[PDB]
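Single-structure report; data block below.
For ligands, and for the atoms within them, numbers begin at 1 and follow the listed sequence. Each residue takes its place number in the sequence, starting with 1.
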Amino acid sequence: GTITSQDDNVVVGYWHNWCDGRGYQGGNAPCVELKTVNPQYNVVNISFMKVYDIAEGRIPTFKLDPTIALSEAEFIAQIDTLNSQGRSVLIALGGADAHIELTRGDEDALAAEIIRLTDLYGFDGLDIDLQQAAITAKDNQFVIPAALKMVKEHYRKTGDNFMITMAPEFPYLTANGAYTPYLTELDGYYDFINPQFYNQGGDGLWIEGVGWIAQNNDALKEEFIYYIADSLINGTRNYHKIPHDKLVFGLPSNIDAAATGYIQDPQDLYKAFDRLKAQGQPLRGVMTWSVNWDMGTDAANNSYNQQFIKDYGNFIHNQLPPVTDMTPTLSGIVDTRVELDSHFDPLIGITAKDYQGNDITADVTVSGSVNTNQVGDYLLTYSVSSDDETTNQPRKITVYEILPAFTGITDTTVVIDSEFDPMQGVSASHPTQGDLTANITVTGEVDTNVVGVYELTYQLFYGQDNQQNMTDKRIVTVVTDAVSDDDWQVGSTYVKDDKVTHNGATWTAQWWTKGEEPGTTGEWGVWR
Ligand SMILES: CC(=O)N[C@@H]1[C@@H](O)[C@H](O[C@@H]2O[C@H](CO)[C@@H](O[C@@H]3O[C@H](CO)[C@@H](O[C@@H]4O[C@H](CO)[C@@H](O)[C@H](O)[C@H]4NC(C)=O)[C@H](O)[C@H]3NC(C)=O)[C@H](O)[C@H]2NC(C)=O)[C@@H](CO)O[C@H]1O
Ligand code: NA
């Protein structure tokens, strides 16, 4: 069949390219034929395209597991059957424990392989399900989006919408998180995102005013679904924005399918989705790992018997078609610190796209202004409008100054009659003004002919018109070279006529002494 895409809500189910997968609670997921998957799964994701063996190179591929007992041709035929029913069959890239590591330049070969597989099997698109290191390995965050843009454009030439979806684990969807390169580079290209709201334990989000709402909290599941979706579809609470018409809520089919995240009471989902509809932002569907688990068994060999599709198929399909959120995006805006008097260009690094991913950078306007000749904060607001919508974002620009620094102003002792130059070895620097040594003045003098302690005050003048100042003090001690009688020591023994220096004077012992301080023994004592 032909490239078959979905214009309305979706119930997405992954399909295991393997048999008898073990459950987190000891159950079993059989392989199943595609033709047996419930019709209400209108998107079925073949899992997974990956690197099967590094000896075939870096480019991932898909290899049907023959033990499912579908020949290549029969598998093809069953995809065609789904397509004839108006259902989409995507290829899912990655999965758990799949390492993919591509280098800049690999994009052409990756696109070529996606096209080859797509044309051979009749796939309708690709789901990005990179996990763990594969999300950020080498140049993946560049190569995979680059390849996918090529694939999208290739099929657009013939009037076909090759679907692009993604299945990020939700924690990666913070505003600057690991998936954000895939989301931004593919804005306009992707059909919807179905994040995984499972296998993350106690992770979740903080709602100012209700507290922490965790993905494994079964008492607050309605609030979990509502608030995490609300944050995604509006770009609030530190999440990257995924428009509501493009957000599909990914879930485990049952307790065997994922460690945590199963919805015990489907009412919690119905109500959360209704609340999102009530604020004008209905979601685009649900997704599940997996149709195999939905048709699987538990540890007691009891059948799950399609409970997931029973709970959610009709609820999600019995909804109005999606209404596109046509708001444009701005990229590259970050609060920036600028050194006093440096040049600042408010447009550099900032771009914009309409909701279809067309570049509309030239249409960005900025209000506010920065005065780099004055330290302080300056607030800019960037705006762009397209498609009867507007997006705005602020940017704080802080102008700061750095103090210069002196070198070589350290206390020093010099010998009598030596030459002393107060500027020898003395300098000052500043990162933008450069060498400021010629801007140093010296208050005070050293007289090296006269023993004693001389204070010098160094002043540095700098900045505009040399009206900024900083000061540092230096002590220069001039000492004689003259040989003196050895210093008195409290523990030494002296006898008549021994001489000692103490407290600035030379004293002579008049008899035997130990422990008596010169100067403290009066008019007629041992030291004179
Ligand atoms: C942010 C972070 O680091 N989170 C950690 C979790 O990542 C981690 O648990 C892993 O969670 C992922 C994300 O859900 C999960 O992978 C998805 O989930 C299903 C299982 O629920 C995977 O199914 C397995 O696929 C492999 C083939 O790739 C099969 O070999 C295996 O039999 C499948 N298991 C079952 C029960 O069917 C999917 O591949 C995958 N994608 C989708 C769309 O669902 C991993 O399996 C989880 N890994 C483990 C070891 O549990 C968690 C625990 O380590 O820690 C979080 O911090
Ligand atoms: Na097809």
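For the side chain to side chain donor-acceptor pair (under 3.5 Å) condition, the pairs that include at least one residue of residues 343-355, sequence neighbours left out, are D354-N358. Within the structure, side chain to side chain donor-acceptor pair (under 3.5 Å) pairs that include any residue of residues 23-33 comprise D20-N28, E33-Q78 (at least two apart or interchain).
Taking OH from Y304 and CG from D294, the interatomic distance works out to 10.5 Å, rounded to the nearest 0.5 Å.
Side-chain atoms of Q319 and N9 include no donor-acceptor pair closer than 3.5 Å. Donor-acceptor pairing under 3.5 Å is recorded for the side chains of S253 and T288.
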**OP:** Start with the C-alpha distance between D191 and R284, add both sets of side-chain angles, then the distance that settles salt bridge (charged side-chain N to carboxylate O under 4.0 Å, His left out), and finish with yes or no.
**Re:** CA-CA 10 Å; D191 295 79; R284 178 61 177 283; over 6 Å; no

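Between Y14 and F48, the ring planes lie tilted relative to each other; the angle falls in the 30° to 60° range.
Counting only distances under 3.0 Å, and ignoring water, the protein N, O or S atoms around the Na ion (ligand 2) are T2 O, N83 OD1, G122 O, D124 OD1.
Across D187, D325, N234, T236, a single residue satisfies side-chain hydrogen bond (donor to acceptor under 3.5 Å, both in side chains) together with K241, and that is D325.
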Under 3.5 Å: N or O atoms of ligand 1 paired with protein N or O:
{"unit_1": "ligand 1", "atom_1": "4 (N)", "unit_2": "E169", "atom_2": "OE1", "d": "3.3"}
{"unit_1": "ligand 1", "atom_1": "4 (N)", "unit_2": "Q200", "atom_2": "OE1", "d": "2.9"}
{"unit_1": "ligand 1", "atom_1": "7 (O)", "unit_2": "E169", "atom_2": "OE1", "d": "2.7"}
{"unit_1": "ligand 1", "atom_1": "14 (O)", "unit_2": "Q196", "atom_2": "OE1", "d": "2.7"}
{"unit_1": "ligand 1", "atom_1": "14 (O)", "unit_2": "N199", "atom_2": "ND2", "d": "2.9"}
{"unit_1": "ligand 1", "atom_1": "16 (O)", "unit_2": "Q131", "atom_2": "NE2", "d": "2.9"}
{"unit_1": "ligand 1", "atom_1": "21 (O)", "unit_2": "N199", "atom_2": "ND2", "d": "2.8"}
{"unit_1": "ligand 1", "atom_1": "21 (O)", "unit_2": "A257", "atom_2": "O", "d": "2.7"}
{"unit_1": "ligand 1", "atom_1": "23 (O)", "unit_2": "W289", "atom_2": "NE1", "d": "3.4"}
{"unit_1": "ligand 1", "atom_1": "28 (O)", "unit_2": "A96", "atom_2": "N", "d": "3.1"}
{"unit_1": "ligand 1", "atom_1": "28 (O)", "unit_2": "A96", "atom_2": "O", "d": "2.8"}
{"unit_1": "ligand 1", "atom_1": "37 (O)", "unit_2": "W289", "atom_2": "NE1", "d": "3.0"}
{"unit_1": "ligand 1", "atom_1": "37 (O)", "unit_2": "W293", "atom_2": "NE1", "d": "2.8"}
{"unit_1": "ligand 1", "atom_1": "39 (O)", "unit_2": "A96", "atom_2": "N", "d": "3.1"}
{"unit_1": "ligand 1", "atom_1": "41 (N)", "unit_2": "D129", "atom_2": "OD2", "d": "3.0"}
{"unit_1": "ligand 1", "atom_1": "41 (N)", "unit_2": "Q131", "atom_2": "OE1", "d": "3.1"}
{"unit_1": "ligand 1", "atom_1": "44 (O)", "unit_2": "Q196", "atom_2": "OE1", "d": "3.3"}
{"unit_1": "ligand 1", "atom_1": "44 (O)", "unit_2": "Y198", "atom_2": "OH", "d": "2.6"}
{"unit_1": "ligand 1", "atom_1": "46 (O)", "unit_2": "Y24", "atom_2": "OH", "d": "3.4"}
{"unit_1": "ligand 1", "atom_1": "51 (O)", "unit_2": "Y24", "atom_2": "OH", "d": "2.7"}

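The distance between the ring centers of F62 and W15 does not fall below 6.0 angstrom.
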